[PDB]
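Trainee: Got a structure for you, questions after.
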Amino acid sequence: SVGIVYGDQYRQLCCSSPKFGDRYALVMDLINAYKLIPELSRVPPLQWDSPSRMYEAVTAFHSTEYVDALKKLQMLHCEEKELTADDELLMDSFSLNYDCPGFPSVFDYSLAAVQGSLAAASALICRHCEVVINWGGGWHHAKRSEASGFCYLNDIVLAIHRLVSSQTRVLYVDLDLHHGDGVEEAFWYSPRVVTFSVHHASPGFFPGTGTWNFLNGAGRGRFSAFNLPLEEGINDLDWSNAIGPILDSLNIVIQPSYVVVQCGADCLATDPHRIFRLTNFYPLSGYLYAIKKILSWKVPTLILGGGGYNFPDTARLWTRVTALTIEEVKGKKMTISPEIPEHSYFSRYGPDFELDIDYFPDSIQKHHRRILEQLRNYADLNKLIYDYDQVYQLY
Ligand SMILES: CCCCCC(=O)N(O)[C@H]1CC(=O)N(c2ccc(Cl)cc2)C1=O
Ligand SMILES: [K+]
Ligand SMILES: [K+]
Ligand SMILES: [Zn+2]
């Protein structure tokens with residue numbers, strides 16, 4: 001069973017932010033336009049018995065003072081009440097400013113992603129679903145006491161905490177254009193959550209981490225945080241060859257109980273960032289290559305969204321990821337028309353109204369040797385036994 005998180009209230013909240021507007025509606029409506037919803041099990045967002053239960057859940061990671069501030073920000077924006085100088089200073093102390101400003105539903109909006117991803121984790125734990133998709137989740141930058149990169153609450157960290165707290169190891173794979181710093185930091189000292197981010201890094205590029213400083217964890221979590229920074233311009237094939245052996249080696253050595261994949265769509269060639277040149281093509285899209293490989297491991301998996309600022313092309317990609325997941329999990333052939341079906345947001349898919357995006361297409365060897373060494377160090381530190389040459393052969 002492949003699950004997907006949605007709901008009427010969830011849709012309105014996921015569409016209430018100024019930065020991401022109606023992206024989630026385009027995504028879910030295109031999935032619906034392609035007749036995928038009857039193939040999927042709807043997973044409703046988690047709700048709580050009381051304010052105290054909600055607060056307990058969110059402060060499993062975030063600080064009480066930060067959650068207090070995020071609630072107050074919504075309350076202030078809920079009225080005409082412009083912030084006092086003291087309130088501005090309070091918000092600044094949590095980076096609830098500039099790129100992460102307040103809006104009338106900022107706490108409800110960020111809490112909704114947490115509700116969705118926690119529900120997804122529970123459905124995996126109870127084995128109701130083999131894979132769960134949450135295209136309203138994936139906010140990998142939020143820190144314990146700091147908003148960052150349009151992320152206010154870290155739904156990923158809270159979902160992973162629910163998985164490991166259910167011997168359990170989690171592999172987190174972050175495919176976003178940006179380094180998954182918030183998730184990496186949360187599990188820096190934890191050997192049982194191994195994090196792996198592939199991303200662009202360059203001077204002045206957000207958030208700045210995930211590159212040479214390589215730090216890789218600390219304490220009992222030493223060697224447990226993996227990173228592969230790539231230069232601008234990389235295409236589907238080169239990105240696939242860069243991460244492919246790393247993914248397979250992580251699965252062999254870690255033997256994870258769960259995999260959590262952040263599938264931010266800002267690596268697409270048509271994203272306004274214009275840094276990587278990945279596609280959604282399925283003849284092959286780097287995203288689909290990676291997701292297909294992860295799903296072949298037959299490990300219960302959470303697939304999350306993230307970045308993606310070209311909303312129709314994000315919808316194009318995530319619709320294909322959803323169909324691929326159905327096909328790989330259920331063994332059911334999926335046939336998506338190359339033409340965008342008529343539906344509410346059909347006019348947004350100009351100019352050609354095709355499902356393919358409108359695009360025409362040894363430093364990594366050193367990184368591979370470095371990561372192989374780090375994997376061996378992780379395995380030694382943690383008394384894990386693994387076929388050294390079967391893993392080296394992957395590269
Ligand atoms: C969780 C994924 C979506 C939101 C975060 C993310 O992964 N995004 O896609 C980037 C895009 C971008 O340009 N930023 C950014 C740049 C500079 C500054 Cl200062 C703050 C934010 C992000 O956070
Ligand atoms: K990433
Ligand atoms: K870790
Ligand atoms: Zn991003």
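Trainee: Can you bin the chain into rounded, prolate or oblate? Criterion: square roots of the alpha carbon gyration tensor eigenvalues sorted a ≥ b ≥ c, rounded for a/c under 1.5, prolate for a/b above b/c, oblate for the rest.
Mentor: rounded
Trainee: Between residue 165 and residue 384, with labels modelled 7 Å along Cα→Cβ, what's the label distance in nm to one decimal, could you check?
Mentor: Rounded to a tenth, the inter-label distance reads 2.4 nm.
Trainee: Let me ask something else. For segment 50-208, just the Cα atoms, rotate onto the principal axes and tell me the three extents in Å, largest first.
Mentor: Result for segment 50-208: principal-axis Cα extents of 49, 45, 27 Å.
Trainee: Which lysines, on any chain, are close to residue 333 with Cα under 29 Å apart, when same-chain ones fewer than 8 places away are left out?
Mentor: The reachable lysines, counting only those whose Cα sits under 29 Å from residue 333, are 35, 292, 293, 298.
Trainee: Does segment 190-283 come out rounded, prolate or oblate by the C-alpha gyration tensor, with a ≥ b ≥ c the root eigenvalues, rounded set by a/c under 1.5 and, if not, prolate when a/b is larger than b/c and oblate if not?
Mentor: Oblate, since a/c reaches 1.5 and b/c is not below a/b.
Trainee: Picking from 163, 199, 91, whose Cα lies most toward the positive end of the charge dipole for the chain (charges on Cβ: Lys, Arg +1; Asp, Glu -1)?
Mentor: So the residue furthest toward the plus end is 163.
Trainee: Let me ask another. Express in whole angstrom the spacing between the alpha-carbon centres of segment 136-200 and segment 98-130.
Mentor: That distance is 13 Å.
Trainee: At a 10 Å Cβ-Cβ cut-off, how would you order 48, 139, 318, 212, fewest neighbours first?
Mentor: Ranking 48, 139, 318, 212 by Cβ neighbours within 10 Å, fewest first, gives 212, 48, 318, 139.
Trainee: Let a ≥ b ≥ c be the square roots of the eigenvalues of the Cα gyration tensor of segment 138-182; is it rounded (a/c under 1.5), or, if not, prolate (a/b larger than b/c) or oblate?
Mentor: Here segment 138-182 falls in the oblate category.
Trainee: P(r) of segment 1-120 in 5 Å steps, Cα pairs, percent per bin?
Mentor: 2, 10, 17, 20, 18, 14, 9, 6, 3, 1, 0
None of the figures in this text is laboratory data; all of them are computed from the coordinates on show. Heads up, the Cβs are rebuilt from the backbone with ideal geometry, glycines too, and the neighbour counts pull from every protein chain shown.
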